[PDB]
């Protein structure tokens, strides 16, 4: 369960692709750096700005359907090949997000993934 953090994982090319999305979403949502890093490397915690940040990243990454809900196939296909099997196992019992709004369902997904596989979960 200890987070995996080394030269290959999270993939540096994915981190570099996420950085401009982070910059957009951090300013739109106001989330704190401490909130992101705790959720990534530490414990699940509940923060409304963080939930909105998670929804915003899915929108900025273009992995949402016409209603703004995550399209898990588009998401899976956007990850590096090195992460295809890790992501599949992390997400196979997280198919159907619950929540009344898009921030809540984004948070639901991130909690579900982090509980399923805390070693490979990360957030930036």
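Numbering follows the first chain given and starts at 1.
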{"item": "Entry-level comparison of average CA B-factors, 8 to 16 and 103 to 111, reporting the higher stretch", "value": "8 to 16"}
{"item": "Segment of higher mean CA temperature factor, 53 to 61 or 66 to 74", "value": "66 to 74"}
{"item": "Options 37, 94, 44, 88 - largest CA temperature factor per the record", "value": "88"}
{"item": "Third assignment of residue 123 from its chain's C-alpha B-factors", "value": "lowest"}
